[PDB]
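Single-structure report; data block below.
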Amino acid sequence: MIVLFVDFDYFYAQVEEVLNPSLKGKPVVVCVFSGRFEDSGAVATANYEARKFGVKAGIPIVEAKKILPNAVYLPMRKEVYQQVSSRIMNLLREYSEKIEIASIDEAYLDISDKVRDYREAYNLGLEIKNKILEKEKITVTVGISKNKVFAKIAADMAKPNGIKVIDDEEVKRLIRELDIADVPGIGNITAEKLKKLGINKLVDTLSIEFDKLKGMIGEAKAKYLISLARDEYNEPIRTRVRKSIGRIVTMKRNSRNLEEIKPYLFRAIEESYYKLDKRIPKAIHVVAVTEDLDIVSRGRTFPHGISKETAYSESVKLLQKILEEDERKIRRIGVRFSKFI
DNA sequence: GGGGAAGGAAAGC
DNA sequence: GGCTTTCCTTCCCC
Ligand SMILES: [Ca+2]
Ligand SMILES: [Ca+2]
Ligand SMILES: [Ca+2]
């Protein structure tokens, strides 16, 4: 397998720069304003100019402003970024019929039948970068390797606006030298459970007793890491299809008053249906984030499609279930639809 | 013993 | 902040 992974640079911020070139060279911060108060909300992402100083995805808009008070703060325009992403994805389809669109700004291409070696793979990578630059003036990073995990790691090592090949020789080196925390799928919590074990390199997962590993991080993640460490990881590139669509909104103030919560729940339903666009869900879940920030959900699956009227009435019953079973107040409220016909 | 369904955990975008 | 996917735990049932 020769996998070519594409990851768009500072995506949301870059799109804003393409639509407004005068932004080039200035720190730009794309924000998710929640509406609770002046600047409440978080940073979706920021371009290099702002990230260099610590303004990154996830931090409070308020903290970003403390760091860079004169940066350009822009509201997230997800619909615009999605449309631009879709066009780039269409360009990528032209280089291989085996394409896995992983997120709003990533895609894996199995170019095994397209190139003979990594030299050719690398050249195709340049061709792809130039094609996207020519057509949408968007820069991206290309990672190439023998499988999806290392192709992604290669891009991580090369961003931004880069391209890198991790050949077989280097894959073996990385299995030995790469911090296991930097392996896709290992977040802070798993990285912590692993440390508890002496494991901080993939290679270390081979000598530890499987059951010990499995009991700490779970069977799936254990087998995953071990397969990688043995250099036997094999996962085909496959067409992905959305499985769920939803919307969650933050309420002006916390509450567990049904009538006070309904307008938000209903608004969330309306927007979710907008997004479904022709897809008919058979399952609906009401999702609530409590005052202490926990997430609670109650759902229902129907033997048929869910009409918006049915979504409205069932959502109330589910929310009622949440209120009848959980004592905490609610901060955010929303819905999630799945099991499309 | 183990698959399926519901709800929570964890991860990355 | 807020969107989506995948795996885990618990319990029902064959
Ligand atoms: Ca990425
Ligand atoms: Ca990116
Ligand atoms: Ca990590």
Side-chain angles (χ1 to χ4, degrees), chain A residues 5-13 29-37 39-46 56-64 73 75-79 81-82 85 100-107 148-149 152-153 155-156 159 181-187 189-194 214-225 235 238 240-251 264 268 271-272 275-276 281-290 293-302 318 321-322 325-326 331-340:
Chain A
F5 172 73
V6 184
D7 185 325
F8 313 163
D9 298 316
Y10 312 99
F11 199 46
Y12 291 6
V29 185
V30 177
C31 313
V32 180
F33 292 102
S34 57
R36 278 196 150 213
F37 61 77
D39 295 320
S40 71
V43 172
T45 197
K56 60 174 182 175
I59 76 172
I61 296 169
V62 167
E63 296 304 304
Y73 290 86
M76 219 206 224
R77 295 196 287 167
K78 182 72 154 297
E79 335 63 44
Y81 316 143
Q82 175 60 69
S85 170
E100 175 169 352
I101 294 176
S103 65
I104 189 138
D105 79 337
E106 306 168 294
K148 293 196 288 193
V149 178
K152 177 173 237 194
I153 293 166
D156 286 355
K159 45 176 70 170
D182 293 336
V183 168
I186 304 314
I189 291 172
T190 299
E192 183 50 62
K193 298 209 190 101
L194 285 172
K214 160 180 177 180
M216 182 84 312
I217 71 180
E219 181 173 44
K221 239 145 206 156
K223 287 176 174 181
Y224 167 67
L225 293 174
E235 288 296 310
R238 56 184 206 58
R240 231 180 275 191
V241 192
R242 273 258 182 292
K243 287 168 150 152
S244 79
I245 294 251
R247 166 83 185 172
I248 204 283
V249 303
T250 292
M251 302 193 287
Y264 292 100
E271 311 195 317
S272 291
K275 294 197 224 173
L276 283 177
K282 292 197 305 299
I284 176 175
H285 288 263
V286 167
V287 180
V289 173
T290 59
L293 302 190
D294 265 350
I295 308 179
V296 187
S297 79
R298 292 293 185 285
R300 179 170 180 190
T301 296
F302 293 84
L318 293 170
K321 194 181 306 193
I322 289 177
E325 303 179 356
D326 201 282
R331 183 185 170 88
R332 311 179 193 175
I333 187 67
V335 68
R336 188 134 210 102
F337 294 97
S338 62
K339 297 186 189 179
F340 305 133

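Proteins come first, then strands; the chains are lettered A, B, ... in the order of their sequence lines, and each starts at number 1. All values below were derived from every heavy atom in this structure, side-chain atoms included, with hydrogens, water molecules and symmetry-related copies excluded.
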With heavy atoms under 4.0 Å as the rule, sort A/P184 into base, sugar-phosphate or nothing.
sugar-phosphate
Sidechain-backbone polar pair: A/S85 side chain, A/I104 backbone, donor-acceptor under 3.5 Å:
yes
Those residues at least two apart in sequence (or on a different chain) that pass side chain to side chain donor-acceptor pair (under 3.5 Å) with A/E100 are A/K148, A/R240
Under the criterion side-chain contact (heavy atoms from CB on, under 4.5 Å), which of A/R77, A/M76, A/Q82 is the partner of A/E79?
A/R77
Just checking A/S40: base, sugar-phosphate only, or nothing, at a heavy-atom cut-off of under 4.0 Å?
nothing
Does A/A44 reach a base, just sugar-phosphate, or nothing at all? Heavy atoms under 4.0 Å.
base
Output all residues satisfying salt bridge (charged side-chain N to carboxylate O under 4.0 Å, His left out) with A/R300, sequence neighbours left out; order by chain, then residue number.
A/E314
Between N or O atoms, less than 3.5 Å apart, protein on one side and nucleotides 4-6 of chain C on the other: list the pairs.
| residue | atom | partner | partner atom | Å |
| --- | --- | --- | --- | --- |
| C/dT4 | OP2 | A/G246 | N | 2.8 |
| C/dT4 | OP2 | A/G246 | O | 3.2 |
| C/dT4 | OP2 | A/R336 | NH1 | 2.8 |
| C/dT4 | OP2 | A/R336 | NH2 | 2.5 |
| C/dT4 | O5' | A/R336 | NH2 | 2.5 |
| C/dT5 | OP1 | A/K243 | N | 2.9 |
| C/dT5 | OP2 | A/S244 | N | 3.0 |
| C/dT5 | OP2 | A/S244 | OG | 2.9 |

Who are the salt bridge (charged side-chain N to carboxylate O under 4.0 Å, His left out) partners of A/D182, not counting sequence neighbours?
none
Using salt bridge (charged side-chain N to carboxylate O under 4.0 Å, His left out) as the criterion, list what pairs up with A/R336, not counting sequence neighbours.
none
With sequence neighbours left out, the residues meeting side chain to side chain donor-acceptor pair (under 3.5 Å) with A/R331 are none
Output the rounded distance in Å from CZ (A/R331) to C1' (C/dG2).
12 Å
Can you measure A/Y224 atom OH to B/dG12 atom P for me and round it to whole angstrom units?
8 Å
Nucleotide by nucleotide, 5' to 3', does protein get under 4.0 Å of the base (B), only the sugar-phosphate (S), or neither (-) in nucleotides 7-14 of chain C, counting heavy atoms?
SS------
Restricting to salt bridge (charged side-chain N to carboxylate O under 4.0 Å, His left out), what partner residues turn up for A/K214, sequence neighbours left out?
A/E219
Take atom CD1 of A/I248 and atom P of C/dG1, then tell me their distance rounded to the nearest Å.
11 Å
Under the rule for side chain to side chain donor-acceptor pair (under 3.5 Å), what residues qualify as partners of A/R36, not counting sequence neighbours?
A/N254
Close N/O contacts between protein and nucleotides 3-9 of chain B (under 3.5 Å):
| residue | atom | partner | partner atom | Å |
| --- | --- | --- | --- | --- |
| B/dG7 | OP2 | A/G299 | N | 3.0 |
| B/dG8 | OP2 | A/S297 | N | 3.0 |
| B/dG8 | OP2 | A/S297 | OG | 3.3 |

With A/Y10, which residues qualify under ring pair (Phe, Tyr, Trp, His ring centres under 6.0 Å), at least two apart?
none
Those residues at least two apart in sequence (or on a different chain) that pass side chain to side chain donor-acceptor pair (under 3.5 Å) with A/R242 are none
Distance, rounded to the nearest Å, where A/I186 contributes CD1 and B/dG12 contributes P
7 Å
Distance in angstrom units between A/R36 CZ and C/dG1 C1', rounded
12 Å
Please report, rounded to the nearest Å, how far the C1' atom of B/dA11 is from the CD atom of A/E106.
12 Å
